[PDB]
């Protein structure tokens, strides 16, 4: 069925399923629609014979150069997507709710790529975008398919971040702290401003645009201090670097960062160490450091993130598209 966002009780059940699901994703939580307040929310779900929710999908509709909308369920749906018969059922509900207004329904779940899975999806009528598309550009995928994920369940005895790494890396992580760097965290307006100052500075230094502060304020208003947390690194009164991490489902996700120009005393390493500590203290299964463009020392994102994740980067299935309007799809989507 389709979720009535005006029914507190219905909404409560939807959230309770999302928050308790091992497949939960913050970008599938109802709070995400509040962050993306410029998009239109349309959410659906399936129930079992007991009337209990077994699958859900939070979609957001965006405008395009055409009379059709772009329906996107970021990192959804919430369920075991390899169970394609169930997926088809959930999708059919989504399709019904979209009511012909969208030219496509796209979802990019965090499930490993495999020829077997890719083939099944294609056999079921879906159009997939992964190893067959451009690694970048407006034709690339919305979310990076390659991601540096730290699997903490491999270290059941880990008490502190250092316990996860070899001596050489322990050295790199100890450096900033040994040099006076200190990190405090929370989710207050004060910490958001601190983040914003480093965020805009880093953006200017990199010649890129930055999201407005209101974006993060909506995020702060949507998620409590146990879900969203900002880490601020400083040295003797000098703001150095920051990072924003979200804890949801089976992982804590390093989503945004900022760092001042000049000498930063490896403050970014300190931020990472504290985010990882938060994962450990909360018994979280995974710490996700985000995407990379390529697994090579030529990728600076890979270089930084490889310090904390020595395992191979995870490669997801990519974008799964349920083509609704063929003509428009071919116009707006190409390899």
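Positions refer to the first chain, counted from 1.
Would 162-170 or 135-143 have the larger average of its C-alpha temperature factors, as given in the entry?
Taking the mean B-factor of the alpha carbons in each, 135-143 is higher.
Got a sec? Mean C-alpha B-factor, which is higher, 201-209 or 72-80?
On average, C-alpha B-factors are higher across 201-209.
Quiz for you: based on the deposited Cα B-factor, which of 245, 127, 105, 239 is highest?
It is 239.
Taking the entry's C-alpha B-factors for this chain, is residue 100 in the lowest, middle or highest third?
Ranked within chain, residue 100 CA B lands in the highest tercile.
In terms of the CA temperature factor given in the entry, to which third of its chain does residue 262 belong: lowest, middle or highest?
Top third by C-alpha B-factor.
Lowest, middle or highest third: which one holds residue 15 when the chain's residues are ordered by CA B-factor from the entry?
CA B-factor rank for residue 15: middle third.
Lowest, middle or highest third: where is residue 154 by C-alpha B factor in its chain?
Tercile = middle for this residue's CA B-factor.
Tell me, lowest, middle or highest third: where does the Cα B factor of residue 64 rank within its chain?
Its C-alpha B-factor, which the entry lists for residue 64, ranks in the middle third among residues of this chain.
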